Structures are given as structure tokens and as C-alpha cells.
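Raw contents of work_21.pdb, PDB, C-alpha atoms and all ligand atoms:
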ATOM      1  CA  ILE F   1       8.173  -4.449  -6.390
ATOM      2  CA  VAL F   2       9.606  -7.407  -8.226
ATOM      3  CA  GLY F   3       9.417  -7.482 -11.992
ATOM      4  CA  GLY F   4       7.921  -4.024 -12.232
ATOM      5  CA  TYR F   5       9.092  -0.869 -13.865
ATOM      6  CA  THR F   6      10.262   2.542 -12.823
ATOM      7  CA  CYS F   7       7.043   4.505 -12.395
ATOM      8  CA  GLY F   8       8.537   7.833 -13.247
ATOM      9  CA  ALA F   9       8.908  10.661 -10.794
ATOM     10  CA  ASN F  10       5.617  11.686  -9.207
ATOM     11  CA  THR F  11       3.530   9.644 -11.599
ATOM     12  CA  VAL F  12       1.898   7.968  -8.616
ATOM     13  CA  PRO F  13       1.024  11.124  -6.739
ATOM     14  CA  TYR F  14      -0.864   9.433  -3.921
ATOM     15  CA  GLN F  15       2.010   7.097  -3.109
ATOM     16  CA  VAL F  16       3.646   7.966   0.159
ATOM     17  CA  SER F  17       6.662   6.608   1.931
ATOM     18  CA  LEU F  18       6.334   6.066   5.640
ATOM     19  CA  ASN F  19       9.580   7.077   7.154
ATOM     20  CA  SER F  20      10.914   6.420  10.705
ATOM     21  CA  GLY F  21      14.487   7.379   9.908
ATOM     22  CA  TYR F  22      14.217   5.319   6.725
ATOM     23  CA  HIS F  23      11.490   4.148   4.430
ATOM     24  CA  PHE F  24       9.671   1.224   5.960
ATOM     25  CA  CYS F  25       6.288   1.086   4.291
ATOM     26  CA  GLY F  26       4.164   2.580   1.621
ATOM     27  CA  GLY F  27       0.897   4.340   2.053
ATOM     28  CA  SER F  28      -1.701   6.075  -0.029
ATOM     29  CA  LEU F  29      -2.813   9.610   0.471
ATOM     30  CA  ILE F  30      -6.608   9.621   0.512
ATOM     31  CA  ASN F  31      -7.107  13.260   1.389
ATOM     32  CA  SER F  32      -4.991  16.200   2.422
ATOM     33  CA  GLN F  33      -4.632  14.946   6.017
ATOM     34  CA  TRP F  34      -4.959  11.191   5.803
ATOM     35  CA  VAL F  35      -2.938   8.277   4.564
ATOM     36  CA  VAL F  36      -4.108   4.675   4.364
ATOM     37  CA  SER F  37      -1.503   2.030   4.944
ATOM     38  CA  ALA F  38      -1.260  -1.499   6.285
ATOM     39  CA  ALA F  39      -1.849  -2.031   9.982
ATOM     40  CA  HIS F  40       1.284  -4.156  10.030
ATOM     41  CA  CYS F  41       3.149  -0.970   9.113
ATOM     42  CA  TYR F  42       2.087   0.579  12.384
ATOM     43  CA  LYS F  43       4.790   2.262  14.377
ATOM     44  CA  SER F  44       4.956   5.457  16.371
ATOM     45  CA  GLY F  45       6.871   8.511  15.139
ATOM     46  CA  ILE F  46       6.000   8.098  11.489
ATOM     47  CA  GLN F  47       6.912  10.832   9.111
ATOM     48  CA  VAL F  48       4.879  10.673   5.961
ATOM     49  CA  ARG F  49       6.847  11.499   2.883
ATOM     50  CA  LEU F  50       4.790  12.680   0.015
ATOM     51  CA  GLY F  51       5.910  13.714  -3.488
ATOM     52  CA  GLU F  52       8.730  11.173  -3.341
ATOM     53  CA  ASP F  53      10.401   9.550  -6.214
ATOM     54  CA  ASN F  54      13.924   8.843  -5.155
ATOM     55  CA  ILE F  55      13.479   8.282  -1.437
ATOM     56  CA  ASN F  56      17.191   8.753  -0.863
ATOM     57  CA  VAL F  57      17.523  12.107  -2.584
ATOM     58  CA  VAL F  58      15.692  15.374  -2.040
ATOM     59  CA  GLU F  59      14.489  16.055  -5.552
ATOM     60  CA  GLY F  60      12.196  18.979  -4.896
ATOM     61  CA  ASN F  61       8.624  17.735  -4.775
ATOM     62  CA  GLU F  62       8.663  16.195  -1.336
ATOM     63  CA  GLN F  63       6.460  17.076   1.532
ATOM     64  CA  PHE F  64       7.489  15.578   4.812
ATOM     65  CA  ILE F  65       4.694  15.682   7.344
ATOM     66  CA  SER F  66       4.768  13.919  10.675
ATOM     67  CA  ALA F  67       1.834  11.745  11.628
ATOM     68  CA  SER F  68      -0.288  13.219  14.405
ATOM     69  CA  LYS F  69      -2.084   9.965  14.967
ATOM     70  CA  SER F  70      -2.358   6.484  13.642
ATOM     71  CA  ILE F  71      -5.485   4.407  13.796
ATOM     72  CA  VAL F  72      -5.129   0.727  13.302
ATOM     73  CA  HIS F  73      -8.247  -1.062  12.216
ATOM     74  CA  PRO F  74     -10.290  -2.116  15.232
ATOM     75  CA  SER F  75     -10.216  -5.736  14.086
ATOM     76  CA  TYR F  76      -6.691  -5.955  12.831
ATOM     77  CA  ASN F  77      -5.233  -9.321  13.662
ATOM     78  CA  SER F  78      -1.484  -9.367  13.288
ATOM     79  CA  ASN F  79      -1.348 -13.157  13.167
ATOM     80  CA  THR F  80      -3.681 -13.582  10.228
ATOM     81  CA  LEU F  81      -3.268 -10.052   8.849
ATOM     82  CA  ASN F  82      -7.017  -9.863   8.680
ATOM     83  CA  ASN F  83      -8.013  -6.191   8.435
ATOM     84  CA  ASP F  84      -4.493  -5.092   7.613
ATOM     85  CA  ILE F  85      -5.354  -1.465   7.340
ATOM     86  CA  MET F  86      -4.473   1.626   9.255
ATOM     87  CA  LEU F  87      -5.103   5.287   8.883
ATOM     88  CA  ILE F  88      -2.428   7.838   9.511
ATOM     89  CA  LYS F  89      -3.351  11.450  10.067
ATOM     90  CA  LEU F  90      -0.896  14.118   9.017
ATOM     91  CA  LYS F  91      -0.031  16.879  11.480
ATOM     92  CA  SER F  92      -0.696  19.333   8.700
ATOM     93  CA  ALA F  93      -2.548  19.108   5.431
ATOM     94  CA  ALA F  94      -0.481  18.066   2.465
ATOM     95  CA  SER F  95      -0.390  20.596  -0.320
ATOM     96  CA  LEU F  96      -2.226  19.036  -3.209
ATOM     97  CA  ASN F  97      -1.259  19.455  -6.830
ATOM     98  CA  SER F  98      -0.510  17.071  -9.690
ATOM     99  CA  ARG F  99       2.560  15.510  -8.079
ATOM    100  CA  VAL F 100       0.898  15.058  -4.695
ATOM    101  CA  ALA F 101      -2.678  14.026  -4.892
ATOM    102  CA  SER F 102      -5.107  11.925  -2.988
ATOM    103  CA  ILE F 103      -6.426   8.724  -4.435
ATOM    104  CA  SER F 104     -10.155   8.119  -4.486
ATOM    105  CA  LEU F 105     -11.585   5.424  -2.287
ATOM    106  CA  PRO F 106     -13.626   2.829  -4.127
ATOM    107  CA  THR F 107     -17.362   3.065  -4.228
ATOM    108  CA  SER F 108     -17.391  -0.590  -5.203
ATOM    109  CA  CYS F 109     -15.106  -3.570  -4.904
ATOM    110  CA  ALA F 110     -13.074  -4.354  -7.965
ATOM    111  CA  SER F 111     -13.454  -7.642  -9.669
ATOM    112  CA  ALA F 112     -10.889 -10.438 -10.506
ATOM    113  CA  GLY F 113      -9.301  -9.474 -13.801
ATOM    114  CA  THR F 114      -9.275  -5.738 -13.242
ATOM    115  CA  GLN F 115      -5.834  -4.351 -13.956
ATOM    116  CA  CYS F 116      -4.321  -2.373 -11.134
ATOM    117  CA  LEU F 117      -1.209  -0.415 -10.451
ATOM    118  CA  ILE F 118       0.794  -1.525  -7.473
ATOM    119  CA  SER F 119       3.678   0.611  -6.448
ATOM    120  CA  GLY F 120       6.351   0.959  -3.849
ATOM    121  CA  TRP F 121       9.981   1.157  -2.899
ATOM    122  CA  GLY F 122      10.148  -2.400  -1.699
ATOM    123  CA  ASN F 123      12.593  -5.102  -2.631
ATOM    124  CA  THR F 124      12.921  -5.712  -6.356
ATOM    125  CA  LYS F 125      14.338  -9.216  -5.995
ATOM    126  CA  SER F 126      12.393 -12.422  -5.418
ATOM    127  CA  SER F 127      15.642 -14.044  -4.359
ATOM    128  CA  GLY F 128      17.957 -11.842  -2.367
ATOM    129  CA  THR F 129      17.581  -8.160  -1.749
ATOM    130  CA  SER F 130      17.818  -4.962  -3.676
ATOM    131  CA  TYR F 131      15.921  -1.879  -2.678
ATOM    132  CA  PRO F 132      15.284   0.651  -5.398
ATOM    133  CA  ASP F 133      15.617   4.254  -4.656
ATOM    134  CA  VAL F 134      12.961   5.394  -7.098
ATOM    135  CA  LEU F 135       9.362   4.321  -7.026
ATOM    136  CA  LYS F 136       8.614   1.073  -8.774
ATOM    137  CA  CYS F 137       5.357   0.165 -10.387
ATOM    138  CA  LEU F 138       3.636  -2.995 -11.409
ATOM    139  CA  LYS F 139       0.558  -3.478 -13.464
ATOM    140  CA  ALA F 140      -1.179  -6.503 -12.030
ATOM    141  CA  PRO F 141      -4.628  -7.976 -12.316
ATOM    142  CA  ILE F 142      -6.762  -8.834  -9.371
ATOM    143  CA  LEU F 143      -6.950 -12.612  -9.135
ATOM    144  CA  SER F 144     -10.082 -14.581  -8.476
ATOM    145  CA  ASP F 145     -10.863 -15.277  -4.866
ATOM    146  CA  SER F 146     -10.813 -18.973  -5.728
ATOM    147  CA  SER F 147      -7.278 -18.771  -7.115
ATOM    148  CA  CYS F 148      -6.302 -16.631  -4.154
ATOM    149  CA  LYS F 149      -7.673 -19.167  -1.678
ATOM    150  CA  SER F 150      -6.139 -22.007  -3.656
ATOM    151  CA  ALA F 151      -2.757 -20.274  -3.458
ATOM    152  CA  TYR F 152      -3.076 -19.673   0.261
ATOM    153  CA  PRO F 153      -5.310 -22.313   1.823
ATOM    154  CA  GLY F 154      -6.897 -21.262   5.096
ATOM    155  CA  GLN F 155      -5.460 -17.747   4.937
ATOM    156  CA  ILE F 156      -7.535 -15.600   2.632
ATOM    157  CA  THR F 157     -10.320 -13.760   4.367
ATOM    158  CA  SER F 158     -13.082 -11.674   2.864
ATOM    159  CA  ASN F 159     -10.852  -8.670   3.601
ATOM    160  CA  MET F 160      -8.125  -9.819   1.303
ATOM    161  CA  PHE F 161      -7.640 -10.333  -2.339
ATOM    162  CA  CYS F 162      -4.834 -11.593  -4.447
ATOM    163  CA  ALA F 163      -3.357  -9.714  -7.284
ATOM    164  CA  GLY F 164      -0.524 -10.415  -9.576
ATOM    165  CA  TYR F 165       0.620 -13.420 -11.499
ATOM    166  CA  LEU F 166       0.401 -17.061 -10.538
ATOM    167  CA  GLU F 167       3.429 -17.724 -12.736
ATOM    168  CA  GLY F 168       5.442 -15.505 -10.384
ATOM    169  CA  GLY F 169       8.114 -13.018 -11.444
ATOM    170  CA  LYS F 170       5.969  -9.947 -10.846
ATOM    171  CA  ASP F 171       4.765  -8.991  -7.407
ATOM    172  CA  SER F 172       5.013  -6.526  -4.606
ATOM    173  CA  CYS F 173       7.499  -7.356  -1.914
ATOM    174  CA  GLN F 174       8.948  -6.386   1.441
ATOM    175  CA  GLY F 175       9.027  -2.616   1.739
ATOM    176  CA  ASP F 176       5.986  -2.223  -0.486
ATOM    177  CA  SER F 177       3.715  -3.067   2.412
ATOM    178  CA  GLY F 178       1.089  -0.499   3.124
ATOM    179  CA  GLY F 179       1.295   0.840  -0.397
ATOM    180  CA  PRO F 180      -1.427   1.155  -2.980
ATOM    181  CA  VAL F 181      -3.149  -1.103  -5.389
ATOM    182  CA  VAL F 182      -5.059   1.301  -7.552
ATOM    183  CA  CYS F 183      -7.531   0.077 -10.122
ATOM    184  CA  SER F 184      -9.373   2.391 -12.447
ATOM    185  CA  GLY F 185      -8.275   5.335 -10.315
ATOM    186  CA  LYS F 186      -9.541   3.836  -7.079
ATOM    187  CA  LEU F 187      -7.581   2.583  -4.119
ATOM    188  CA  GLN F 188      -8.708  -1.034  -4.067
ATOM    189  CA  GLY F 189      -5.881  -2.624  -2.192
ATOM    190  CA  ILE F 190      -3.144  -2.175   0.289
ATOM    191  CA  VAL F 191       0.008  -4.213  -0.074
ATOM    192  CA  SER F 192      -0.395  -6.641   2.795
ATOM    193  CA  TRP F 193       1.391  -9.946   2.534
ATOM    194  CA  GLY F 194       2.401 -12.936   0.483
ATOM    195  CA  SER F 195       4.715 -15.889   0.697
ATOM    196  CA  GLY F 196       8.139 -14.432  -0.404
ATOM    197  CA  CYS F 197       7.745 -12.299  -3.483
ATOM    198  CA  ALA F 198       7.022 -13.148  -7.065
ATOM    199  CA  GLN F 199       7.032 -16.837  -6.239
ATOM    200  CA  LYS F 200       5.048 -19.186  -8.423
ATOM    201  CA  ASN F 201       1.518 -19.655  -7.093
ATOM    202  CA  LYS F 202       2.149 -17.176  -4.307
ATOM    203  CA  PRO F 203       0.640 -13.962  -5.572
ATOM    204  CA  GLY F 204       0.492 -10.817  -3.501
ATOM    205  CA  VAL F 205      -2.262 -10.539  -0.951
ATOM    206  CA  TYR F 206      -3.857  -7.184  -0.538
ATOM    207  CA  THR F 207      -6.156  -5.628   1.960
ATOM    208  CA  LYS F 208      -9.531  -5.263   0.319
ATOM    209  CA  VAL F 209     -10.018  -1.547   0.746
ATOM    210  CA  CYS F 210     -13.583  -1.446  -0.517
ATOM    211  CA  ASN F 211     -14.580  -3.229   2.707
ATOM    212  CA  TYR F 212     -13.241  -0.375   4.765
ATOM    213  CA  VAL F 213     -14.578   2.712   3.098
ATOM    214  CA  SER F 214     -17.289   3.192   5.734
ATOM    215  CA  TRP F 215     -14.749   2.785   8.501
ATOM    216  CA  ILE F 216     -12.296   5.078   6.755
ATOM    217  CA  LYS F 217     -14.880   7.776   6.215
ATOM    218  CA  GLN F 218     -16.323   7.655   9.689
ATOM    219  CA  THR F 219     -12.852   7.552  11.201
ATOM    220  CA  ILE F 220     -11.819  10.575   9.220
ATOM    221  CA  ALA F 221     -15.085  12.292  10.146
ATOM    222  CA  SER F 222     -14.275  12.034  13.850
ATOM    223  CA  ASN F 223     -10.528  12.306  14.008
TER
HETATM  224  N1  LIG D 301       3.148  -9.535  -2.607
HETATM  225  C1  LIG D 301       4.013 -10.161  -1.812
HETATM  226  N2  LIG D 301       4.510 -11.277  -2.144
HETATM  227  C2  LIG D 301       4.420  -9.514  -0.534
HETATM  228  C3  LIG D 301       4.334  -8.126  -0.432
HETATM  229  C4  LIG D 301       4.721  -7.495   0.737
HETATM  230  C5  LIG D 301       5.181  -8.272   1.788
HETATM  231  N3  LIG D 301       5.566  -7.650   2.901
HETATM  232  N4  LIG D 301       5.052  -7.922   4.062
HETATM  233  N5  LIG D 301       5.796  -7.695   5.017
HETATM  234  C6  LIG D 301       5.328  -7.890   6.304
HETATM  235  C7  LIG D 301       6.181  -7.569   7.353
HETATM  236  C8  LIG D 301       5.728  -7.730   8.649
HETATM  237  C9  LIG D 301       4.436  -8.191   8.871
HETATM  238  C10 LIG D 301       3.967  -8.353  10.275
HETATM  239  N6  LIG D 301       4.425  -7.552  11.239
HETATM  240  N7  LIG D 301       3.122  -9.249  10.518
HETATM  241  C11 LIG D 301       3.576  -8.514   7.821
HETATM  242  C12 LIG D 301       4.026  -8.348   6.519
HETATM  243  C13 LIG D 301       5.266  -9.657   1.701
HETATM  244  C14 LIG D 301       4.892 -10.295   0.523
HETATM  245 CA    CA D 302      13.173  12.263  -2.548
END

Could you take the file, read its structure, and then write that structure out as C-alpha cells?
Amino acid sequence: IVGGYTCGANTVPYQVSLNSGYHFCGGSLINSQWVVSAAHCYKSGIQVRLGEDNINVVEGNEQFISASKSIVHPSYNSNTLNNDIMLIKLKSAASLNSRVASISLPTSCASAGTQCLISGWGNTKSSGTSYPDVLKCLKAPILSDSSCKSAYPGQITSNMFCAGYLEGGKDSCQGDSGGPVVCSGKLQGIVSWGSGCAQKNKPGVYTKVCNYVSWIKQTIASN
């Protein structure tokens, strides 16, 4: 997260770190056994780390639970990042309390202008590289589809939305991928892609979760 702020330990209780020896992507816990992340975060041997703040220090609220299965969206296209969503099932149910909590799926798509919270342990620099150890947060509005499409001609599908700031300076970034965009207490987005980070007229592009709720629910129901 570039231009964000330190969330505060366990203030984003649904935020998970996907760990394969190191943090490589975010995710969002959507029930005790399931995490939603970006399909481009797919890899085998994922350990889901819940209850994280400092991902480099055991601070006492962590739950580390290996994935038992990952399900990449049936229509995920890695070239276009269309349908950049994947479900990860935990081998065991996370223990849910205030510091580790699922985030509600949307019942409706959020509109442009809705303020959201984007979070992650990704790079905090738009130029160069610095990875935070504690969870970073960014309040960012969903941008209009028109501004999104204008920013990224020929790339924004109906399964994507832009959020952030056209002026740049504030954005998610590498290492935030897969993580949440939560708006009014609903998971509306998944950190998906963008050109660089926090670049002018290159806002973050997010998987439009509301399109996937049916798939998520039915997948969970049968897996
Ligand atoms: N909001 C942003 N600017 C932004 C946020 C996260 C981000 N990270 N994406 N990283 C990323 C890495 C690999 C792939 C792939 N295998 N195709 C896709 C995306 C890139 C840009
Ligand atoms: Ca930790």
C-alpha cells in the first residue's frame, strides 16, 4: 500500500497473509474455512496466516492454517486478469473472534464514490521498494467505470473496478494482491492489478467481488 497508513494491529480482522515461506499475497477471510484472494496469487502449498499484524514477528494473535485446496475461478484469464479471484480452503477452521473475523460478501455491487478500505503488506513505494512489516491501510473511493476504462483502455472488464486516486500517490501495490477492498463492511474488491503503483491516472484495479458471490457460495457449498 502506497500512501496509506498503519492500520493498527488486528484492526482488519479478515485480512490474511498468504505465506509460502514468505508473504506473497493478501486474502480475505470470508468464513471460518475459506479465504478469497486473487487468482494470480495462486500457488500450491499456501499457508494462510490470519490474525497478522507484523508478518515478520509472532505477536500472539496469529493463526497459521495450511490451505487444503485452492479453487481458481473457472474463467480466470491470467493474460487479462479477467476473473482474478480464487478461493482457498483452510485445512481447519479458523478460530473467530474480534481479531480474526470473516468479512461479509456483498449482496450488491458498490458504486463509484463509495469509500473503501484497502489493506495489505505490499510495497509502500511507488518508486523503488519498501515492504512494511505491519499491515497498511488505505481509504480509497471506488472510481467510475468510465474513469477506470479511460485510465486503462481496452483492459477493464465488467469484473473489474478501479479504486483510488487519479492524482496518484495512494494505491495498493505489489504484495497487496489478493487482499481486500472492503466498503461499508462488505468485501467488494480484491487487489488485482494496476500499472505500477500510485501512478497518476493509473489507479488500482480490483476484482469486482459482487460478481462472484454466487460462484463463491456455490463453491463453498460443495467443497
Ligand atoms: N493498485 C495497483 N497499482 C497494483 C496493485 C497490485 C499489483 N500487483 N499485482 N501484481 C501482480 C503480479 C503478478 C500477476 C500475474 N501473475 N499476472 C498479476 C499481478 C499491481 C498494481
Ligand atoms: Ca505476526

Excluding residue 36 of chain F and residues on its chain fewer than 2 positions from it, collect all residues at most 6 Å away from it, counting all atoms listed in the file, and give them as a ChimeraX atom specification.
/F:27-28,86-87

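Considering all atoms listed in the file, every residue of the polymer chains approaching ligand CA 302 (chain D) to 8 Å or closer is listed here: residues 51, 52, 53, 54, 55, 56, 57, 58, 59, 60, 61 and 62 of chain F.
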
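Picture a line from atom CA of residue 142 of chain F to atom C14 of ligand LIG 301 (chain D); it runs 15.4 Å.
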
Taking all atoms listed in the file and a cut-off of 7 Å, can you tell me which residues surround ligand LIG 301 (chain D), written as a PyMOL selection string?
chain F and resi 40+78-79+81+171-177+191-198+202-205

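Residues matched by the PyMOL selection byres (((chain F and resi 136) around 10) and not hetatm) in this structure: residues 1, 2, 3, 4, 5, 6, 7, 8, 9, 12, 53, 118, 119, 120, 121, 122, 123, 124, 131, 132, 133, 134, 135, 137, 138, 172 and 176 of chain F.
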
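Interatomic distance, atom CA of residue 24 of chain F to atom CA of residue 188 of chain F: 21.1 Å.
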
Using Å and a single decimal, report how far atom CA of residue 66 of chain F sits from atom CA of residue 129 of chain F.
28.4 Å

Output check: residues returned by the PyMOL selection byres (((chain F and resi 45) around 8) and not hetatm), as a PyMOL selection string:
chain F and resi 20+43-44+46-47+66-67

Please write the residues picked by the PyMOL selection byres (((chain F and resi 105) around 6) and not hetatm) on this file as a count of residues only.
4

Just want the 12 Å neighbourhood of residue 153 of chain F, counted on only C-alpha atoms, with same-chain residues fewer than 4 positions away dropped. Output as a ChimeraX atom specification.
/F:145-149,157,195,201-202

Those residues you just picked out, can you put them in a file as a PDB file, keeping the file's coordinate frame with C-alpha atoms?
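File part.pdb, as written:
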ATOM      1  CA  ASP F 145     -10.863 -15.277  -4.866  1.00  0.00           C
ATOM      2  CA  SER F 146     -10.813 -18.973  -5.728  1.00  0.00           C
ATOM      3  CA  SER F 147      -7.278 -18.771  -7.115  1.00  0.00           C
ATOM      4  CA  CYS F 148      -6.302 -16.631  -4.154  1.00  0.00           C
ATOM      5  CA  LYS F 149      -7.673 -19.167  -1.678  1.00  0.00           C
ATOM      6  CA  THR F 157     -10.320 -13.760   4.367  1.00  0.00           C
ATOM      7  CA  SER F 195       4.715 -15.889   0.697  1.00  0.00           C
ATOM      8  CA  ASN F 201       1.518 -19.655  -7.093  1.00  0.00           C
ATOM      9  CA  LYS F 202       2.149 -17.176  -4.307  1.00  0.00           C
TER      10      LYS F 202
END

Hey, what's within 6 Å of residue 208 of chain F if we count all atoms listed in the file and toss same-chain stuff fewer than 6 positions away? As a ChimeraX atom specification, please?
/F:159-160,189

Go ahead and fit an axis-aligned box to every listed atom of segment 200-206 of chain F plus 5 Å each side, and pass me the centre and edge lengths in Å, one decimal, as JSON.
{"center_x": 0.6, "center_y": -13.4, "center_z": -4.5, "size_x": 18.9, "size_y": 22.5, "size_z": 17.9}
